[PDB]
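Reading the structure
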Amino acid sequence: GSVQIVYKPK
Amino acid sequence: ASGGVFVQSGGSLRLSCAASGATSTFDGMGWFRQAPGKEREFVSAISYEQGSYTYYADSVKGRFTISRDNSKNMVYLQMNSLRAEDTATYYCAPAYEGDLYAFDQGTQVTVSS
């Protein structure tokens, strides 16, 4: 139902 | 409440996280951190497959090393040359292609100068 995404480096 | 680890500037710390192995959804594990008053920050992520990805935030490159032991279902983060700006709570999370997914407890780390 929900998620926190922490993106890898750009 | 305020309880955590305390390291002197220049010191080192190792974290570990259980990593059951690759599912259809996730192909690695890693860490992010959140310092007081700031947004969550990627730290590092590692693939279950040897040789696939090993990502590091620019702020920790050369100082932190992530590693896996698939035979123990574990991943490790070796944090060397710690500095005060590394003060934060550190959270483990499953990875998919390097990005971390937290689908809800961290390790609070204070580094002095």
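Residues numbered from 1 in each chain as written, not as in the entry; some residues may be left out. Chains lettered and ligands numbered in written order. Heavy atoms only, no water. Residues with missing side-chain atoms left out of burial classes, pairs and counts.

Looking at the method and resolution fields of the entry, one finds X-ray crystallography and 1.830 Å.

A count of helices and strands for chain B gives zero helices and ten strands. The order of α-helices and β-strands along chain B, N terminus first, is β-β-β-β-β-β-β-β-β-β. For 113 residues, the compact-globule formula gives about 13 Å, and the C-alpha radius of gyration of chain B, at 14 Å, lands near that figure. With the C-alpha coordinates aligned to their principal axes, the bounding extent of chain B is approximately 40 × 30 × 25 Å. (Helix = DSSP H or I, 4+ residues; strand = E, 2+ residues; numbered from the N terminus. Rg over C-alpha atoms; globule rule 2.2 N^0.38 Å.)

Further remarks concern the nonpolar core. Judged by nonpolar contacts, the single largest core of 32 residues is most densely connected at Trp31(B), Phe64(B), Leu77(B), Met79(B), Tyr90(B) and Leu100(B). Residue assignment for this core shows that the elements contributing at least two residues are β2 (13-18), β3 (28-34), β4 (41-47), β6 (64-69), β7 (74-79), β8 (88-96) and β10 (107-112) of chain B. (Core = buried A, V, L, I, M, F, W, Y, C linked by side-chain atoms within 4.5 Å. Buried < 20%, exposed > 50% of the residue type's maximum accessible area, 1.4 Å probe, protein only.)

What follows covers the side chain of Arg63(B). All names here are of chain B. Relative to the assigned elements, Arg 63 resides in the loop between β5 (54-56) and β6. For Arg 63, a relative accessible area of 8% gives the class buried. Apart from residues lying up to four places away in sequence, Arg 63 is in contact with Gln 78, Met 79, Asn 80, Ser 81, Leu 82, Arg 83 and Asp 86. (Contact = heavy atoms within 4.5 Å.)

Time to look at the pairing of β6(B). Residues and elements named next belong to chain B. As defined by bridge partners, β6 adjoins β7 across six bridges and the pair is classed as antiparallel. The partner of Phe 64 across the bridge, within β7, is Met 79. In sequence, β6 turns back onto β7 through a hairpin of four residues, with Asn 73 there showing a positive phi of about 55 degrees. (Pairing = 2+ DSSP bridges.)

Another aspect to go through is the interface of chain B and chain A. If you look at the interface, chain B gives 14 residues, while chain A gives eight residues. Where the side of chain B that touches chain A is concerned, the elements lending two or more residues are β4, β5 and β9 (99-102) of chain B. Element by element, the count of residues in the side of chain B that touches chain A is highest for β9(B), at four residues. In terms of residue class, the side of chain B that touches chain A is made up of nine nonpolar, one polar and four charged. (Nonpolar A, V, L, I, M, F, W, Y, C, P; charged D, E, K, R; others polar.)

Pairing analysis gives four bridges linking strand β1 (residues 5-8) of chain B to β10(B), with the strands arranged parallel. In the strand pairing of β10(B), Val7(B) is matched with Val111(B).

Here we come to the sheet that holds β7(B). Residue and element names in this part refer to chain B. As summarised here, the arrangement of the three strands in space is β2-β7-β6, forming an open sheet in which the pairing is antiparallel. Bordering the open sheet on either side are β2 and β6, each of which pairs with just one other strand. Taking the axes of each pair of neighbouring strands and ignoring which way they run, one obtains an average angle of 20 degrees across the sheet. Sheet topology note: the β2/β7 ladder contains six bridges and is antiparallel. (Axes fitted to C-alpha atoms, helices over the stretch in contact; angles between N-to-C directions.)

Its location among the elements puts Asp99(B) in strand β9. Here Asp99(B) sits buried without a salt bridge, and the closest side chain of opposite charge, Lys8(A), lies 4.4 Å off (N-O distance). Looking at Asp99(B), its side chain comes within polar contact range of the main-chain nitrogen of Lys8(A), at 2.9 Å. What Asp99(B) contacts, discounting residues up to four positions off in sequence, is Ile5(A), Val6(A), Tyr7(A), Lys8(A) and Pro94(B). (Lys, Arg positive; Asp, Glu negative; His and termini not counted. Salt bridge = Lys/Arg side-chain N within 4 Å of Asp/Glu carboxyl O. Polar contact = N/O pair within 3.5 Å; in protein donor to acceptor, adjacent residues only side chain to side chain.)

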